[PDB]
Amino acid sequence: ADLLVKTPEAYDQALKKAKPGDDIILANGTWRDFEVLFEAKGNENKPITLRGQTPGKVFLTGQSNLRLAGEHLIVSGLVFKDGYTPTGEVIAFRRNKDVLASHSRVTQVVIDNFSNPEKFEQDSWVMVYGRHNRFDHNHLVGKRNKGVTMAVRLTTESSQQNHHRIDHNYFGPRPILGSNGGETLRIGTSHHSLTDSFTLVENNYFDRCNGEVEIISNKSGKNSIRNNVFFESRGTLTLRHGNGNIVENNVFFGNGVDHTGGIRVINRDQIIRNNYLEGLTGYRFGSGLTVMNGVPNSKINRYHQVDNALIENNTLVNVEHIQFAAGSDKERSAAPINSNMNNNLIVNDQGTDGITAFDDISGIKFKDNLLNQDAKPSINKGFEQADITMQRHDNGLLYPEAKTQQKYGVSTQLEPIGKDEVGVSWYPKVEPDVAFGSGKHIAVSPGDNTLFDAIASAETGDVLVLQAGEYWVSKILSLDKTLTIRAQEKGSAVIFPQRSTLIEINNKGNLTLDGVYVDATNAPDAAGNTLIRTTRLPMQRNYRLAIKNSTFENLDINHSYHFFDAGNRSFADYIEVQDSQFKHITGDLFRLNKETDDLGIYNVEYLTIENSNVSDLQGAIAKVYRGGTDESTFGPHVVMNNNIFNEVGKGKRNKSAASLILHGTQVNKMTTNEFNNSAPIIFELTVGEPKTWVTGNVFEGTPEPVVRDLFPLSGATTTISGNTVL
């Protein structure tokens, strides 16, 4: 029988009355601050259902969440949005640790940007306990904060050997977290990784799941991860802890996007068969295919030696890196043993087979692997070369034209699940970001509060075109949308800040400055001004900052006048500076070093400064810091080319005594710059074999770059040469 309810108390009363076969129906509307405890006992033949009256019209908002407890329950047709769970989880298959749900199903529910307001206040969106549950045809998009999106817990035997089924879900875009802990799916935990979970993960679509290196983090035994599609996801399927898992029939469409992986093999008895991998650009732990070194006598949460891996009938097309014994170093000294790699197909048009061995690989026996003839084989025995031309079948996958070559690599009967065969038909799959300049153009004129008003009434994506003249700014310009501020004619729009901050970047703010001119002469006569900064409230969301063709002068009325000051726990997807000039600044240029608690957190993924000019800066061009020993991320990337830096970094308040100090940055490229009469470049290299190239620069009146290796010799690939010193 159907039990329509319109209030939480009516819900309570319906739940008390509900019998096997009944449906409790949440009436269409917005249910705010509704902590749902669905605790009942259905029947194998007659489940008890909680569902929205009209899927897509029942919203659970504010501090709402859902707990299932009992057995034979079904929950469907709900949307969580405009809020965040006040507990540890949005959806949990338990009341608490002693009262679980089993034989229960959550299907056709949406969680859409239901994120905690602080990125590093951790929660999870779905937590599975108990046994024989199902989580299917759901739609999870936009988790911005630390904490896996979905996990299977194994904390007691009652939650082990679960045979849980996770299928046909849309795992929509998840942006970069900026530390470890951004997984989309975690099965188990290191503590319980030697127990058998038997979890089935099939026919899900992972669409730009970019939280961190692990898209899926398998951390238990004897799971089956099969028939999933990974589209442009900036990470990997990692067999992290736990043994005896099967990774099969999965499809990875990297499309050449940066840092796309990958199947990563660690531990024992793994089977990696019949997987299709295309256009994957990642390396090291984010490679298209990775077989790691382990630690002898590893602790339960470190790295266990690869032993009896089986890697067969996989197809790898334009996979840039296949890495064996990856992570090899003084700790991870146990190379792979008793393993086998057979009947795979590697087609690469980049001239190489993409293979790199980092240690002895004689414990992997290679047999009957096929390579295209133009790809220099890195390994002789076990690889044969042939004239291969690939053509795409109807199932969207590439196969050798020759039928005889189809005994290598992936089966022809694969049928990748599509983006529109997953999730719910009644909730759209949408683009996560607003593009710069995707809106309309608004003419703005001088000269008092005119910029404050134009920003406030513009719409996201708009472009403000400032006419020539003077823009006096008596009120902070707080940006909570995507906006471009463009001078109609470069250098003809002059912006005069009169407050301690000119521009503040809030949640949802992203900023492009193009051709503007800023004279900070009239800023308040106080130390510690900051021309541009994020909000100082911990942000919920990443931001983008682009600076082009612009000039910034006279940030020097008092000391410690910084150009850009990142808020604690803030994260820029990128900061890009092109063709811009900076002169007379007492503070730092970019302060990207706030996370000094060494938990692997950092402030910027890509810092790029090219073709620019900086003169008379007391502080550093950039201070960027990522501390600790985490190997779960790919950034910061710091790229600086073709700049001229004069009299930079020597102020008595610059404790770094550097023009540039880079701690824990993973990719460093400094090329064709001039460092004239300035403080040195200083590298503080950490774990994860960072890559540094400092070539073609002039250091006139500037000391040579300083390298401090905090992990001798752990160890980085550091190329510093081809530079003129004085």
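We number the residues from 1 along the sequence you see.
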Mean Cα B factor from the PDB record: higher for 24-32, or higher for 696-704?
696-704
If you average the CA temperature factors as listed in the entry, which stretch comes out higher, 622-630 or 639-647?
639-647
Out of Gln413, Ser76, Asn267, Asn218, whose C-alpha atom has the biggest B factor in the entry?
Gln413
Per the entry's Cα B factor values, which of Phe383, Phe231, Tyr561, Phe171 stands out as the maximum?
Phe383
Binned into thirds over the chain's modelled residues, the C-alpha B-factor of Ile720 lands in the highest
Comparing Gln63 with the other modelled residues of its chain, is its CA B-factor in the lowest, middle or highest third?
middle
Could you say whether, by C-alpha temperature factor, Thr665 belongs to the lowest, middle or highest third of its chain?
lowest
Is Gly288 in the lowest, middle or highest third of its chain when residues are ranked by C-alpha B-factor?
lowest
Rank-wise, by C-alpha B-factor, drop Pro428 into the lowest, middle or highest third of its chain.
middle
